[PDB]
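What follows is a short report on a single structure.
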Amino acid sequence: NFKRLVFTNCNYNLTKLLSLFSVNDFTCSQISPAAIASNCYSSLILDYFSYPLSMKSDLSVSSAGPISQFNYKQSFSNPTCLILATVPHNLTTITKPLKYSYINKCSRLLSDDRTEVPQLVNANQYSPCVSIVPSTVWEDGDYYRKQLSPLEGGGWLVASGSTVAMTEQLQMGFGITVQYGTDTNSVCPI
Amino acid sequence: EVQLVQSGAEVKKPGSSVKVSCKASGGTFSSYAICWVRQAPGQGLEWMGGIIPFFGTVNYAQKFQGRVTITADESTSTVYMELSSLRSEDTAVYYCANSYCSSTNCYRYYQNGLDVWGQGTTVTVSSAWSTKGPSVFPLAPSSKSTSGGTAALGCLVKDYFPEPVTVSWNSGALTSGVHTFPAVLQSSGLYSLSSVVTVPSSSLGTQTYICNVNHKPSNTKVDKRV
Amino acid sequence: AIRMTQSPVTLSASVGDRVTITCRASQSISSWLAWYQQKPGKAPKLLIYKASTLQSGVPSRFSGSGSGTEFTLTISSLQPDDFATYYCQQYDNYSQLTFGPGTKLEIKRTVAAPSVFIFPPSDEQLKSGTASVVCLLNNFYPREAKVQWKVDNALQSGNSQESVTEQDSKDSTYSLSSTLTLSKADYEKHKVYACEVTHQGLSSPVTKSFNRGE
C-alpha cells in the first residue's frame with residue numbers, strides 16, 4: 001500500500017524529514033547520495049510504507065525477493081534513491097499498526113491449478129492482487145482467492161500475503177524517483 | 001584529500017558538559033559523513049554517535065543513547081559532540097572520521113573506504129583535582145641485590161593530577177636499559193609513574209645519576225640526584 | 001542484536017610469517033566489514049574495505065576474504081611496521097557501527113625469564129606520610145605475569161597497581177611495575193612485605209621480600 005506523495009514546482013529541504021528520523025540506509029542508484037538534493041529537477045516523488053529494515057536484502061535495485069516482483073518496484077531508467085530510516089518515537093504524530101505484511105505470491109493461477117505463470121508488477125503501479133488483499137495479513141502465508149465473473153475476465157484470480165511482525169520501534173521504507181525536465185527544473189533546495 | 005582538525009585536550013569534572021569540535025576540509029561538506037568514536041586507554045575501540053551533516057540525521061550507540069547529542073553546522077563545517085553526566089569511564093581519546101566523499105563514485109554514502117580520522121582529543125575527568133606539582137620520590141638503593149652485573153634504580157613521580165610528564169636520566173646521556181612506565185590513574189584522582197635505569201654496581205658508586213622531570217601544565221622542572 | 005568476537009588476541013607471529021585474523025559478526029552483514037590498523041598512541045589507519053578491496057595506498061597484499069558472518073584477514077609476509085593492533089568495523093544498516101574487540105600482533109621470540117626487583121619506601125617518603133612498595137619485573141617475552149603481594153604470607157587484594165611497558169623495538173622485551181597503592185595508614189600493622197611473579201620463564205616461583213628494611 002506504499003503511500004505516494006508527488007511534489008511539483010516546489011522548493012524544498014529534504015533534510016527536515018531526515019533530521020527528524022534516524023536514517024540507517026541511503027542507496028542512490030545512477031546518482032550521488034547528495035546529487036539529488038544538491039541539483040534540482042522537474043518533479044520529485046516520495047513514497048512511505050511499512051517495510052521491515054531487517055529485510056534489507058529483499059529491497060534491492062535487482063533481487064529475486066518477493067517485494068520486487070509484487071509489493072514494490074522502481075523505474076530502472078530514472079535515477080532512484082531508497083531511504084531506510086527510523087522515527088525516534090519522541091514524536092506522537094505517527095502511531096504504529098499491528099504487524100508488517102508483504103505479498104509473497106501473486107500469480108495467474110489457471111482454472112486447473114497445475115501450470116502457474118507469475119504476475120510481476122511494473123514500477124509505479126499497485127499489484128492486481130493487492131485489490132483482493134485488505135490492509136494487514138492476520139496469519140502466516142494467508143492466501144485469498146476471489147471468485148471471478150466472466151465480465152471480470154474469468155479464470156482464477158488469486159492473492160497471497162506473509163507475516164513479518166514489528167519491533168517496539170517503527171521501521172519504514174522510503175522510495176524517491178527523480179525526473180529530469182527540458183527547462184521546467186523548478187523543484188529546488190547580499 | 002580530506003583534512004580533519006580536532007580541539008585541544010580538555011580537563012573537566014564529572015556531571016559537567018563537554019563540547020569537542022571536529023572541523024573538515026578538502027572534500028565536499030554535504031558529501032562527507034562524520035562518525036564519532038571513543039578509544040578508552042588500554043581498551044578496545046568503541047563507536048558513539050554517527051551523524052551526516054547535510055541531512056542532520058543522528059544515530060547513537062545504545063550504551064551512550066540519551067547521553068550524547070551531536071550538532072553539525074554545514075556553513076562552518078564544524079561538528080560538535082555534546083556529552084553530559086560525565087563519569088570516570090568517559091575519560092579517553094575521541095576521534096572523528098569523515099567517510100569517503102560521494103558526488104562521483106559512491107552510493108551507500110559510505111561504501112568505498114570510509115573514515116580518514118583526526119588528531120584526537122584526550123578528555124580527563126577530575127571531580128576537584130586541579131593542576132598539581134609532580135613530587136619526585138627517590139627509589140632507595142639498599143644494596144640488597146646480590147647481583148654485581150645488574151643493579152636497577154629509579155625515580156617515582158607522584159602527587160601530580162595532569163596527564164603528561166617527561167623524565168630524562170643523566171640529561172639523556174643513558175638511553176639504554178631505561179624502562180619508563182606509563183602513568184596509571186589511582187583512586188586519589190591523580191596519575192603516578194616510575195622510570196628505572198639498570199647500571200653495573202661499580203658504575204653506581206663512580207657516577208651520580210640524575211632524573212629530571214618536566215611537566216607542561218605545571219611548567220616546573222625538578223632534578224633529583226641519586 | 002549486534003556483537004563482535006575477534007580471533008584470539010596476541011597472535012604470536014615472527015617477521016616474515018603469515019598472519020591470519022578472523023572476526024565473526026553476530027548476524028549476516030554479508031558485504032560490509034572494513035579492517036582497521038591502529039598504531040598505539042595514534043589515530044587508526046584503513047586497510048581492506050567491505051573486506052573485498054584494498055584502500056588506495058595499502059601495500060603488502062593485505063588479503064581479506066569471506067561471506068556473511070565469517071570474514072578473514074591474511075598477511076603473507078610480516079614486516080616490523082606491519083605489527084599493530086587490528087580491529088574490524090561492521091557498517092551498512094548504520095544503526096550501530098560496532099567496532100570489534102581487536103587483536104594485538106607481536107613478534108614471537110624465545111621465552112625470557114623476568115629479572116625480579118623490589119624498592120623500599122625512602123625515609124623522606126615515610127616522613128611524607130606516603131608508604132609505597134614497588135616490585136619491578138623486566139625482560140619477559142610472555143605478556144602474562146600474574147603478580148601478588150604477601151604480608152605474613154597472606155595475599156593482598158585491591159592493593160596492586162600494574163604498569164606494563166610496550167615491547168622495545170631493539171630488544172622486544174616487556175617490563176612490569178606493581179605498587180602498594182600507597183597505604184598511608186596500616187603500614188605500621190605489618191612488619192613484612194613480599195612480591196611474587198608467576199612466569200613460564202621462571203623455573204620456580206620467585207618471591208622478593210623486604211622486612212624491617214633499613
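Labels used: A, B, ... for chains in the order of the C-alpha cells, numbers from 1 for residues in each chain, and numbers from 1 for ligands as shown.
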
Residue 110 (chain C): which residues within 12 Å, counting only C-alpha atoms, same-chain residues fewer than 5 positions away excluded, as JSON, numbers by chain? {"C": [12, 14, 139, 140, 141, 142, 171, 172, 173, 200, 201]}

Convert the current residue selection to file output with N, CA and C atoms, as a PDB file, in the first residue's frame.
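Wrote it out as out.pdb, contents follow:
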```
ATOM      1  N   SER C  12      50.772 -14.972  17.946  1.00  0.00           N
ATOM      2  CA  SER C  12      52.258 -14.963  18.017  1.00  0.00           C
ATOM      3  C   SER C  12      52.870 -15.238  16.639  1.00  0.00           C
ATOM      4  N   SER C  14      56.317 -14.316  14.097  1.00  0.00           N
ATOM      5  CA  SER C  14      57.636 -13.658  13.900  1.00  0.00           C
ATOM      6  C   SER C  14      57.648 -12.972  12.530  1.00  0.00           C
ATOM      7  N   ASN C 139      62.339  -7.702  31.166  1.00  0.00           N
ATOM      8  CA  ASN C 139      62.808  -8.672  30.136  1.00  0.00           C
ATOM      9  C   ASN C 139      62.014  -9.984  30.125  1.00  0.00           C
ATOM     10  N   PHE C 140      60.677  -9.933  30.130  1.00  0.00           N
ATOM     11  CA  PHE C 140      59.892 -11.191  29.987  1.00  0.00           C
ATOM     12  C   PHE C 140      59.112 -11.167  28.665  1.00  0.00           C
ATOM     13  N   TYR C 141      59.357 -12.147  27.786  1.00  0.00           N
ATOM     14  CA  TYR C 141      58.671 -12.179  26.463  1.00  0.00           C
ATOM     15  C   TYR C 141      57.154 -12.401  26.587  1.00  0.00           C
ATOM     16  N   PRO C 142      56.629 -13.366  27.380  1.00  0.00           N
ATOM     17  CA  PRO C 142      55.176 -13.510  27.538  1.00  0.00           C
ATOM     18  C   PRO C 142      54.542 -12.308  28.252  1.00  0.00           C
ATOM     19  N   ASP C 171      64.946  -4.719  21.730  1.00  0.00           N
ATOM     20  CA  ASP C 171      65.037  -5.995  22.494  1.00  0.00           C
ATOM     21  C   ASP C 171      63.741  -6.813  22.448  1.00  0.00           C
ATOM     22  N   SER C 172      62.619  -6.217  22.038  1.00  0.00           N
ATOM     23  CA  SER C 172      61.305  -6.921  22.055  1.00  0.00           C
ATOM     24  C   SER C 172      61.022  -7.475  23.457  1.00  0.00           C
ATOM     25  N   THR C 173      61.302  -6.687  24.501  1.00  0.00           N
ATOM     26  CA  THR C 173      61.134  -7.181  25.896  1.00  0.00           C
ATOM     27  C   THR C 173      60.095  -6.351  26.652  1.00  0.00           C
ATOM     28  N   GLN C 200      56.248 -18.363  32.983  1.00  0.00           N
ATOM     29  CA  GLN C 200      56.695 -19.627  32.338  1.00  0.00           C
ATOM     30  C   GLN C 200      58.225 -19.666  32.335  1.00  0.00           C
ATOM     31  N   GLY C 201      58.868 -18.520  32.086  1.00  0.00           N
ATOM     32  CA  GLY C 201      60.341 -18.465  32.014  1.00  0.00           C
ATOM     33  C   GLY C 201      60.994 -18.857  33.327  1.00  0.00           C
TER      34      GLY C 201
END
```

Contacts from chain C to chain A, 6 Å maximum, only C-alpha atoms: show me the residue list as a list in words.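 Result, ordered by chain then number: residues 93, 94 and 95 of chain C.
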
Expected file: the selected residues, N, CA, C and O atoms, as a short mmCIF file (atom, residue, chain, number, x, y, z; two decimals), in the first residue's frame:
```
data_model
loop_
_atom_site.label_atom_id
_atom_site.label_comp_id
_atom_site.auth_asym_id
_atom_site.auth_seq_id
_atom_site.Cartn_x
_atom_site.Cartn_y
_atom_site.Cartn_z
N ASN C 93 23.18 -0.60 7.26
CA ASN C 93 22.20 -0.67 8.38
C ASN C 93 22.92 0.10 9.49
O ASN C 93 23.09 -0.46 10.59
N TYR C 94 23.31 1.35 9.21
CA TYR C 94 24.19 2.06 10.17
C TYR C 94 23.38 2.52 11.37
O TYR C 94 23.26 3.73 11.62
N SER C 95 22.85 1.54 12.10
CA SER C 95 22.16 1.86 13.37
C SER C 95 23.25 1.80 14.43
O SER C 95 23.13 2.54 15.42
#
```

Would you return as a ChimeraX atom specification the members of region 6-187 of chain A that DSSP assigns to strand (DSSP E or B) on this structure's backbone? /A:6-8,22-29,41,43-49,80-86,101-102,107-109,116-118,142-146,157-163,171-179,187

At a cut-off of 8 Å, can you tabulate as CSV every residue of chain C near chain B together with its closest atom pair and the distance in Å to one decimal, using only C-alpha atoms and ordering rows by chain then number?
```
residue,atom,partner,partner_atom,distance
C:34,CA,B:113,CA,7.9
C:42,CA,B:119,CA,7.9
C:43,CA,B:117,CA,6.4
C:44,CA,B:117,CA,6.9
C:45,CA,B:116,CA,7.5
C:46,CA,B:113,CA,7.3
C:48,CA,B:113,CA,7.8
C:49,CA,B:113,CA,5.2
C:50,CA,B:111,CA,7.4
C:55,CA,B:113,CA,5.8
C:87,CA,B:45,CA,7.9
C:92,CA,B:108,CA,7.7
C:94,CA,B:59,CA,7.9
C:95,CA,B:59,CA,6.2
C:96,CA,B:61,CA,5.9
C:97,CA,B:47,CA,6.3
C:98,CA,B:47,CA,6.5
C:99,CA,B:46,CA,5.7
C:100,CA,B:45,CA,7.4
C:101,CA,B:44,CA,5.0
C:102,CA,B:44,CA,6.3
C:117,CA,B:152,CA,7.9
C:119,CA,B:139,CA,6.1
C:120,CA,B:140,CA,6.3
C:121,CA,B:140,CA,6.9
C:122,CA,B:140,CA,5.6
C:124,CA,B:137,CA,8.0
C:125,CA,B:137,CA,6.5
C:161,CA,B:184,CA,7.7
C:162,CA,B:184,CA,7.9
C:163,CA,B:181,CA,6.0
C:164,CA,B:181,CA,6.6
C:165,CA,B:181,CA,5.6
C:175,CA,B:179,CA,7.0
C:176,CA,B:181,CA,8.0
C:177,CA,B:181,CA,7.3
C:181,CA,B:186,CA,7.6
C:214,CA,B:142,CA,7.4
```

Kindly export the residues of the current selection with N, CA and C atoms, as a compact mmCIF listing (two decimals), in the first residue's frame.
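As a result, selection-v3.txt now contains:
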```
# COMPACT_ATOMS: atom_id res chain seq x y z
N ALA C 34 34.85 -3.59 7.20
CA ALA C 34 36.17 -2.98 6.92
C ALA C 34 37.18 -3.41 7.99
N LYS C 42 48.19 6.54 18.71
CA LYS C 42 47.96 7.36 17.49
C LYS C 42 46.59 7.06 16.87
N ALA C 43 46.26 7.75 15.77
CA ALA C 43 44.97 7.54 15.07
C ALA C 43 44.98 6.22 14.29
N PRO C 44 43.82 5.57 14.05
CA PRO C 44 43.76 4.34 13.24
C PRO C 44 43.98 4.57 11.74
N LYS C 45 44.31 3.52 10.99
CA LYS C 45 44.52 3.62 9.52
C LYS C 45 43.64 2.58 8.82
N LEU C 46 43.06 2.93 7.67
CA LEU C 46 42.17 2.00 6.93
C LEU C 46 42.99 0.90 6.25
N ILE C 48 41.45 -2.97 4.43
CA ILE C 48 40.60 -3.57 3.35
C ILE C 48 39.17 -3.08 3.58
N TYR C 49 38.48 -2.63 2.57
CA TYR C 49 37.13 -2.03 2.75
C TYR C 49 36.10 -3.01 2.19
N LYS C 50 34.97 -3.19 2.90
CA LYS C 50 33.92 -4.17 2.51
C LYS C 50 34.53 -5.57 2.60
N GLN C 55 42.19 -0.45 0.39
CA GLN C 55 42.11 1.03 0.26
C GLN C 55 43.33 1.49 -0.54
N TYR C 87 41.58 -4.00 14.18
CA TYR C 87 40.13 -4.01 14.53
C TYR C 87 39.29 -4.25 13.28
N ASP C 92 26.76 -0.37 7.22
CA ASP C 92 25.51 -0.63 6.45
C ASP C 92 24.46 -0.87 7.52
N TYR C 94 23.31 1.35 9.21
CA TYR C 94 24.19 2.06 10.17
C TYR C 94 23.38 2.52 11.37
N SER C 95 22.85 1.54 12.10
CA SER C 95 22.16 1.86 13.37
C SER C 95 23.25 1.80 14.43
N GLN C 96 24.30 0.98 14.20
CA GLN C 96 25.28 0.95 15.31
C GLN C 96 26.63 0.42 14.77
N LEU C 97 27.48 1.29 14.21
CA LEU C 97 28.83 0.79 13.82
C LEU C 97 29.45 0.14 15.05
N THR C 98 29.53 -1.20 15.06
CA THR C 98 30.10 -1.91 16.23
C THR C 98 31.55 -2.31 15.93
N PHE C 99 32.51 -1.60 16.52
CA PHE C 99 33.94 -1.98 16.34
C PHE C 99 34.21 -3.31 17.05
N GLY C 100 35.05 -4.16 16.45
CA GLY C 100 35.41 -5.44 17.08
C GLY C 100 36.36 -5.24 18.25
N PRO C 101 36.51 -6.22 19.16
CA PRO C 101 37.36 -6.05 20.34
C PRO C 101 38.80 -5.78 19.89
N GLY C 102 39.26 -6.45 18.83
CA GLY C 102 40.61 -6.19 18.28
C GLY C 102 41.60 -7.26 18.68
N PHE C 117 62.88 -7.47 41.07
CA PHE C 117 63.47 -6.45 41.99
C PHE C 117 62.38 -5.93 42.93
N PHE C 119 61.57 -2.29 45.63
CA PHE C 119 62.11 -1.00 46.12
C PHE C 119 61.42 -0.60 47.43
N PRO C 120 62.18 -0.42 48.53
CA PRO C 120 61.61 0.03 49.81
C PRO C 120 61.24 1.52 49.75
N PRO C 121 60.20 1.99 50.48
CA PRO C 121 59.91 3.42 50.53
C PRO C 121 61.07 4.16 51.20
N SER C 122 61.43 5.34 50.67
CA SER C 122 62.56 6.12 51.24
C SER C 122 62.15 6.75 52.58
N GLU C 124 62.46 9.83 53.53
CA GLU C 124 61.73 11.09 53.23
C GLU C 124 60.29 10.74 52.81
N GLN C 125 60.12 9.66 52.04
CA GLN C 125 58.77 9.22 51.60
C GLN C 125 57.94 8.85 52.84
N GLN C 161 48.82 -1.94 41.85
CA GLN C 161 48.68 -1.09 40.63
C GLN C 161 49.67 -1.65 39.60
N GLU C 162 49.21 -1.97 38.39
CA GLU C 162 50.12 -2.63 37.42
C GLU C 162 50.40 -1.75 36.20
N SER C 163 51.68 -1.54 35.87
CA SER C 163 52.04 -0.74 34.67
C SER C 163 52.97 -1.56 33.77
N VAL C 164 52.56 -1.83 32.53
CA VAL C 164 53.38 -2.67 31.61
C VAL C 164 53.87 -1.82 30.44
N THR C 165 55.19 -1.76 30.23
CA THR C 165 55.76 -1.01 29.08
C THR C 165 55.57 -1.84 27.80
N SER C 175 58.33 -4.96 30.55
CA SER C 175 58.65 -4.71 31.98
C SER C 175 57.35 -4.43 32.75
N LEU C 176 57.24 -4.92 33.99
CA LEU C 176 56.00 -4.74 34.79
C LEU C 176 56.33 -4.04 36.12
N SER C 177 55.54 -3.03 36.50
CA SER C 177 55.73 -2.37 37.81
C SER C 177 54.48 -2.57 38.66
N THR C 181 49.80 0.82 46.23
CA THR C 181 48.58 1.69 46.19
C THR C 181 48.71 2.75 47.28
N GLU C 214 66.17 -1.25 56.10
CA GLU C 214 66.90 -0.08 56.66
C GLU C 214 66.53 0.10 58.14
```

Chain A contacts to chain B at 8 Å (only C-alpha atoms) as a VMD selection string: chain A and resid 14 to 16 18 to 23 25 to 29 31 to 35

Leaving out residue 73 (chain A) and any residue of its chain fewer than 2 positions from it, which residues lie within 10 Å of it when counting only C-alpha atoms, given as a JSON list (two decimals) with C-alpha atoms, in the first residue's frame?
```json
[["chain", "number", "residue", "atom", "x", "y", "z"],
["A", 59, "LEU", "CA", 14.85, -4.37, -1.01],
["A", 60, "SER", "CA", 17.36, -4.04, -3.90],
["A", 61, "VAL", "CA", 17.53, -2.47, -7.41],
["A", 62, "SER", "CA", 17.71, -6.10, -8.67],
["A", 67, "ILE", "CA", 8.60, -7.32, -2.99],
["A", 68, "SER", "CA", 10.47, -6.65, -6.28],
["A", 69, "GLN", "CA", 8.08, -8.94, -8.20],
["A", 70, "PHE", "CA", 4.86, -7.97, -6.31],
["A", 71, "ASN", "CA", 4.97, -5.49, -3.36],
["A", 75, "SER", "CA", 11.82, 2.58, -12.75],
["A", 76, "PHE", "CA", 15.32, 1.48, -13.91],
["A", 120, "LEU", "CA", 5.14, -9.32, -11.96],
["A", 121, "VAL", "CA", 4.16, -5.69, -11.12],
["A", 122, "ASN", "CA", 5.88, -2.91, -13.12],
["A", 123, "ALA", "CA", 7.19, 0.29, -11.45],
["A", 124, "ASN", "CA", 4.56, 2.91, -10.32],
["A", 125, "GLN", "CA", 1.55, 0.51, -10.27],
["A", 126, "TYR", "CA", -0.24, -1.25, -7.37],
["A", 175, "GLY", "CA", 11.12, 5.37, -2.33]]
```

Identify which of the residues C:130, C:178, C:74, C:148 lies closest to residue 17 (chain C), counting only C-alpha atoms when measuring atom-to-atom distances.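 Among C:130, C:178, C:74, C:148, it is C:74 that comes nearest to residue 17 (chain C).
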
Go through C:1, C:19, C:154, C:58 and flag the residue nearest residue 103 (chain C), using only C-alpha atoms for the distances.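 Closest candidate: C:19.
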
Gap from CA of residue 159 (chain B) to CA of residue 143 (chain B) - Å, one decimal: 27.5 Å

Taking the backbone alone, and naming residues the way the document does, which bits of chain A are helix (DSSP H, G or I) by DSSP, as a PyMOL selection string? chain A and resi 15-20+35-38+66-71+128-132

How would the residues just picked look written out with N, CA and C atoms as a PDB file, in the first residue's frame?
```
ATOM      1  N   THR A  15      16.256  17.628   4.092  1.00  0.00           N
ATOM      2  CA  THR A  15      16.944  17.357   5.381  1.00  0.00           C
ATOM      3  C   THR A  15      15.959  17.461   6.547  1.00  0.00           C
ATOM      4  N   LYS A  16      14.890  18.251   6.403  1.00  0.00           N
ATOM      5  CA  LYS A  16      13.967  18.455   7.551  1.00  0.00           C
ATOM      6  C   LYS A  16      13.330  17.118   7.941  1.00  0.00           C
ATOM      7  N   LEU A  17      12.869  16.336   6.961  1.00  0.00           N
ATOM      8  CA  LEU A  17      12.327  14.984   7.266  1.00  0.00           C
ATOM      9  C   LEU A  17      13.457  14.093   7.792  1.00  0.00           C
ATOM     10  N   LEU A  18      14.616  14.091   7.162  1.00  0.00           N
ATOM     11  CA  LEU A  18      15.689  13.144   7.577  1.00  0.00           C
ATOM     12  C   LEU A  18      16.190  13.462   8.992  1.00  0.00           C
ATOM     13  N   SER A  19      16.345  14.757   9.340  1.00  0.00           N
ATOM     14  CA  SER A  19      16.872  15.136  10.678  1.00  0.00           C
ATOM     15  C   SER A  19      15.902  14.623  11.743  1.00  0.00           C
ATOM     16  N   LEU A  20      14.599  14.711  11.469  1.00  0.00           N
ATOM     17  CA  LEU A  20      13.574  14.202  12.417  1.00  0.00           C
ATOM     18  C   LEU A  20      13.737  12.690  12.588  1.00  0.00           C
ATOM     19  N   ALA A  35      23.641  14.202  -4.733  1.00  0.00           N
ATOM     20  CA  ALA A  35      23.455  14.870  -6.043  1.00  0.00           C
ATOM     21  C   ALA A  35      21.976  15.218  -6.217  1.00  0.00           C
ATOM     22  N   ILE A  36      21.087  14.320  -5.787  1.00  0.00           N
ATOM     23  CA  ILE A  36      19.622  14.567  -5.921  1.00  0.00           C
ATOM     24  C   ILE A  36      19.236  15.809  -5.107  1.00  0.00           C
ATOM     25  N   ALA A  37      19.822  15.983  -3.920  1.00  0.00           N
ATOM     26  CA  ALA A  37      19.499  17.149  -3.062  1.00  0.00           C
ATOM     27  C   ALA A  37      20.202  18.403  -3.596  1.00  0.00           C
ATOM     28  N   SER A  38      21.462  18.273  -4.024  1.00  0.00           N
ATOM     29  CA  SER A  38      22.246  19.451  -4.493  1.00  0.00           C
ATOM     30  C   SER A  38      21.708  20.001  -5.817  1.00  0.00           C
ATOM     31  N   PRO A  66      10.425 -11.316  -2.988  1.00  0.00           N
ATOM     32  CA  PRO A  66       9.011 -11.138  -3.338  1.00  0.00           C
ATOM     33  C   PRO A  66       8.591  -9.682  -3.599  1.00  0.00           C
ATOM     34  N   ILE A  67       9.071  -8.725  -2.800  1.00  0.00           N
ATOM     35  CA  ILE A  67       8.601  -7.318  -2.986  1.00  0.00           C
ATOM     36  C   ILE A  67       8.892  -6.891  -4.428  1.00  0.00           C
ATOM     37  N   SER A  68      10.104  -7.147  -4.926  1.00  0.00           N
ATOM     38  CA  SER A  68      10.468  -6.646  -6.276  1.00  0.00           C
ATOM     39  C   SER A  68       9.391  -7.091  -7.262  1.00  0.00           C
ATOM     40  N   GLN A  69       9.095  -8.389  -7.267  1.00  0.00           N
ATOM     41  CA  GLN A  69       8.078  -8.940  -8.197  1.00  0.00           C
ATOM     42  C   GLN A  69       6.673  -8.415  -7.884  1.00  0.00           C
ATOM     43  N   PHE A  70       6.283  -8.324  -6.605  1.00  0.00           N
ATOM     44  CA  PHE A  70       4.863  -7.974  -6.312  1.00  0.00           C
ATOM     45  C   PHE A  70       4.656  -6.722  -5.449  1.00  0.00           C
ATOM     46  N   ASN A  71       5.287  -6.628  -4.275  1.00  0.00           N
ATOM     47  CA  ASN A  71       4.974  -5.494  -3.357  1.00  0.00           C
ATOM     48  C   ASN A  71       5.366  -4.115  -3.903  1.00  0.00           C
ATOM     49  N   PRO A 128      -2.212  -6.144  -9.047  1.00  0.00           N
ATOM     50  CA  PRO A 128      -3.620  -6.521  -9.202  1.00  0.00           C
ATOM     51  C   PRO A 128      -4.071  -7.297  -7.958  1.00  0.00           C
ATOM     52  N   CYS A 129      -3.179  -8.116  -7.396  1.00  0.00           N
ATOM     53  CA  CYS A 129      -3.508  -8.924  -6.193  1.00  0.00           C
ATOM     54  C   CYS A 129      -3.870  -8.019  -5.011  1.00  0.00           C
ATOM     55  N   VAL A 130      -3.209  -6.867  -4.857  1.00  0.00           N
ATOM     56  CA  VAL A 130      -3.437  -6.011  -3.648  1.00  0.00           C
ATOM     57  C   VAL A 130      -4.901  -5.557  -3.564  1.00  0.00           C
ATOM     58  N   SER A 131      -5.607  -5.436  -4.691  1.00  0.00           N
ATOM     59  CA  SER A 131      -7.049  -5.086  -4.600  1.00  0.00           C
ATOM     60  C   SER A 131      -7.797  -6.172  -3.816  1.00  0.00           C
ATOM     61  N   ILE A 132      -7.509  -7.450  -4.088  1.00  0.00           N
ATOM     62  CA  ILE A 132      -8.143  -8.569  -3.323  1.00  0.00           C
ATOM     63  C   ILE A 132      -7.677  -8.522  -1.863  1.00  0.00           C
TER      64      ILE A 132
END
```

With only C-alpha atoms as the basis for distance, which of B:27, B:77, B:172, B:177 is at the shortest distance from residue 170 (chain C)?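 Selected residue with least distance to residue 170 (chain C): B:177.
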
Contacts of region 201-216 of chain B at 9 Å or less, counting only C-alpha atoms, minus same-chain residues fewer than 4 places along, as an MDAnalysis selection string? chainID B and resid 133:134 136 143 147:152 154:155 157 162:171 195 220:226

Distance CA of residue 131 (chain B)-CA of residue 219 (chain B), one decimal place?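 According to the coordinates, CA of residue 131 (chain B) and CA of residue 219 (chain B) are separated by 10.5 Å.
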
Residues within 8 Å of residue 23 (chain C), please, as number ranges by chain. Count only C-alpha atoms; anything in the same chain fewer than 4 positions from it doesn't count. C: 4-7, 70-72, 88, 100

Test item: residues at most 8 Å from residue 25 (chain B), only C-alpha atoms, excluding those fewer than 2 positions along its chain, as a PDB file with N, CA, C and O atoms, in the first residue's frame:
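result20.pdb was written with the following content:
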```
ATOM      1  N   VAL B   2      40.829  14.689   2.149  1.00  0.00           N
ATOM      2  CA  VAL B   2      40.023  15.261   3.269  1.00  0.00           C
ATOM      3  C   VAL B   2      40.966  15.616   4.427  1.00  0.00           C
ATOM      4  O   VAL B   2      41.932  14.863   4.649  1.00  0.00           O
ATOM      5  N   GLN B   3      40.714  16.737   5.113  1.00  0.00           N
ATOM      6  CA  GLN B   3      41.553  17.147   6.273  1.00  0.00           C
ATOM      7  C   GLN B   3      40.662  17.342   7.505  1.00  0.00           C
ATOM      8  O   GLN B   3      39.616  17.999   7.372  1.00  0.00           O
ATOM      9  N   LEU B   4      41.064  16.786   8.654  1.00  0.00           N
ATOM     10  CA  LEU B   4      40.264  16.918   9.902  1.00  0.00           C
ATOM     11  C   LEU B   4      41.112  17.529  11.021  1.00  0.00           C
ATOM     12  O   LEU B   4      42.234  17.033  11.244  1.00  0.00           O
ATOM     13  N   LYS B  23      36.559  19.779  12.706  1.00  0.00           N
ATOM     14  CA  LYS B  23      36.484  20.699  11.539  1.00  0.00           C
ATOM     15  C   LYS B  23      37.034  19.966  10.317  1.00  0.00           C
ATOM     16  O   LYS B  23      38.063  19.286  10.464  1.00  0.00           O
ATOM     17  N   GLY B  27      37.206  18.131   1.037  1.00  0.00           N
ATOM     18  CA  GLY B  27      36.150  17.252   0.496  1.00  0.00           C
ATOM     19  C   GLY B  27      34.807  17.952   0.592  1.00  0.00           C
ATOM     20  O   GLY B  27      34.680  18.841   1.457  1.00  0.00           O
ATOM     21  N   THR B  28      33.839  17.590  -0.258  1.00  0.00           N
ATOM     22  CA  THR B  28      32.549  18.330  -0.251  1.00  0.00           C
ATOM     23  C   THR B  28      31.897  18.154   1.122  1.00  0.00           C
ATOM     24  O   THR B  28      31.792  16.999   1.575  1.00  0.00           O
ATOM     25  N   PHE B  29      31.460  19.253   1.742  1.00  0.00           N
ATOM     26  CA  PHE B  29      30.901  19.179   3.118  1.00  0.00           C
ATOM     27  C   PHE B  29      29.614  18.348   3.125  1.00  0.00           C
ATOM     28  O   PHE B  29      29.428  17.538   4.053  1.00  0.00           O
ATOM     29  N   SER B  77      31.303  24.073   8.705  1.00  0.00           N
ATOM     30  CA  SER B  77      31.874  22.708   8.539  1.00  0.00           C
ATOM     31  C   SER B  77      32.375  22.184   9.889  1.00  0.00           C
ATOM     32  O   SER B  77      33.346  21.403   9.895  1.00  0.00           O
TER      33      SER B  77
END
```

Pairwise distance for CA of residue 121 (chain B) and CA of residue 13 (chain B), rounded to one decimal in Å: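 For CA of residue 121 (chain B) relative to CA of residue 13 (chain B), the distance reads 15.9 Å.
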
10 Å contact set for residue 7 (chain A), only C-alpha atoms, chain neighbours under 5 positions out, as a ChimeraX atom specification: /A:12,42-46,187

Among listed residues A:95, A:55, A:109, A:178, nearest residue 146 (chain A) (using only C-alpha atoms):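 Between A:95, A:55, A:109, A:178, the residue approaching residue 146 (chain A) most closely is A:109.
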